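[1] structure, please.
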Amino acid sequence: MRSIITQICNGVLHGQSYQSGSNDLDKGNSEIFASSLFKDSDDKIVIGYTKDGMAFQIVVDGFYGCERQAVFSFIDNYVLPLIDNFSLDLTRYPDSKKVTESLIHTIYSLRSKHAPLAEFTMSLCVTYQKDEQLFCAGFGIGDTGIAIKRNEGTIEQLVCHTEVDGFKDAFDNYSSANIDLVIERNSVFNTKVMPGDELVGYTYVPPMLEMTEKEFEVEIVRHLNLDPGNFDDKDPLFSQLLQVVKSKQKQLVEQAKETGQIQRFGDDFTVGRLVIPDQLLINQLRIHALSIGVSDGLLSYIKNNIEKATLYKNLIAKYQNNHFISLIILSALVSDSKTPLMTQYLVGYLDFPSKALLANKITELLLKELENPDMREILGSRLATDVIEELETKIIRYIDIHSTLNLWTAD
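    Numbers count the residues shown, from 1 in each chain. Here you go, the structure:
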């Protein structure tokens, strides 16, 4: 009962490339890229934010272009609702290793009884905030990989490309009995993160750019990172990454001319970029989590006192891009004692035990938006404590506030 994701790359790409959507909701921080590296895409990358506003990125590369769709419908229907339970257990339980294996276990048990035909390699990272500082923790099994760039010009390597002596440990039925072995040889992590750190996820690279980090044995495995020596500290990682692969691609195809006729190599190249958000962006993300979830519920119940909410849906659909007004509109709906069913139904749709606990949640996120430097510019020496109550009175006029409201969206 929610919509969280922001940008996705599904089983599709345009001619030779597919870039992005640059979702406003991420304020220019959600970008991905996809290309073919030999005609169709098999990989899938997902970047989004929790209902509590925590950042995450999922990277998938499939095996067979024949199934290629239940792999995706597996992620969209069952894996996505698991992210909230991941970041929460990361916040509640300190032990990063325990829940991650259970998550993989829950993934394996779920992938068996719902779509065991799916064989892919997946990697993911999710952010969580237990203390004042931000933490991110995830794993990755297969030919995939995640990298990070910090605030100092360091390309630190998160989840690595695991190679089992020339075997790609993956989410296949074949490994579904050697599960516990897959974890000890694959990469799981939990690392401290600061705002502005650049999270980069990738699927395939020509091996000329990969450098071997770790080799060991179990009763041989290669844990290998992305070589940072050919990268700079001034430019972002994602934009710099494509500057070299195309530069090496033309160098690789030129190598492919001197061999009679066509040679064969290359995989689906899909790359995702994520930037860790600030404490301000989280709140207005936490704001957007409610605005999306509140609308759709009572629209099918009544479909089988509605005239307001249909106009309310359009009203939020007009001012959802500004996170401040989108908040205060909600405060009026709960205060309307003449719309109790429309008020009381939402918490049931949202699983809230008490309406009042929600009403506290409104004000807490409301007042912190005053710490956003944009509202101090718009709200100056105006005893805001009363104005919200005034604004609460303003919205109850159901029957031309937009110009009066346009005072607060003047950016």
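[2] what does the longest helix along the chain contact?
    Counting by DSSP state H, the longest helix found in the chain is helix 279-301. With contacts defined as C-beta atoms under 8 Å, 6 or more residues apart in numbering, helix 279-301 is touched by 1-4, 25, 27, 49-54, 129, 195, 277, 306, 309-310, 312-313, 316, 320, 323, 326-327, 330, 333, 342, 345-346, 349-350, 365, 368-369, 371-372. Backbone N, C-alpha and C define where each C-beta goes, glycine included.
[3] now it, how far from the chain's geometric center?
    Counting by C-alpha atoms, centre = their mean, to the nearest Å, helix 279-301 is centred 16 Å from the centre of its parent chain.
[4] and that helix, what's buried?
    If you call a residue buried by 16 or more other C-beta atoms under 10 Å, then helix 279-301 has these buried ones: 280-291, 293-295, 297-298.
[5] again with stretch 37-56
    Buried, per 16+ other C-beta under 10 Å, within stretch 37-56: 41-56.
[6] just the C-alphas of the longest helix of the chain, formatted as CSV.
    Extracted in CSV, the C-alpha atoms of helix 279-301 (Å, rounded to 0.1, in the frame of the first residue of the first chain):
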residue,chain,number,x,y,z
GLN,A,279,18.8,15.5,6.4
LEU,A,280,16.6,18.1,4.7
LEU,A,281,15.9,16.1,1.5
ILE,A,282,14.9,13.1,3.7
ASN,A,283,12.1,15.0,5.3
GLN,A,284,10.6,16.3,2.1
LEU,A,285,11.0,12.7,0.8
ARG,A,286,9.2,11.6,4.0
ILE,A,287,6.7,14.3,3.0
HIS,A,288,6.3,12.8,-0.5
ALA,A,289,5.8,9.3,0.9
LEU,A,290,2.6,10.4,2.5
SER,A,291,1.2,12.5,-0.3
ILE,A,292,1.4,9.5,-2.7
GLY,A,293,0.0,7.0,-0.3
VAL,A,294,-3.0,9.0,1.0
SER,A,295,-4.6,9.6,-2.4
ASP,A,296,-5.3,6.3,-4.0
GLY,A,297,-7.0,4.5,-1.1
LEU,A,298,-10.4,6.1,-0.8
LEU,A,299,-10.8,6.4,-4.6
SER,A,300,-11.7,2.7,-5.3
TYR,A,301,-13.7,2.2,-2.1
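[7] next secondary structure element downstream of it?
    helix 307-319 (DSSP states H and E).
[8] tell me what angle that next one forms with helix 279-301.
    Relative orientation of helix 307-319 versus helix 279-301 (axes from the mean of the first three to the mean of the last three C-alpha atoms, to 10 degrees): 150 degrees.
[9] distance between the next helix or strand after helix 307-319 and the chain's centre?
    Per DSSP H and E, the first helix or strand lying C-terminal to helix 307-319 is helix 323-335. Relative to its chain's centre, helix 323-335 lies at 26 Å (C-alpha atoms, centre = their mean).
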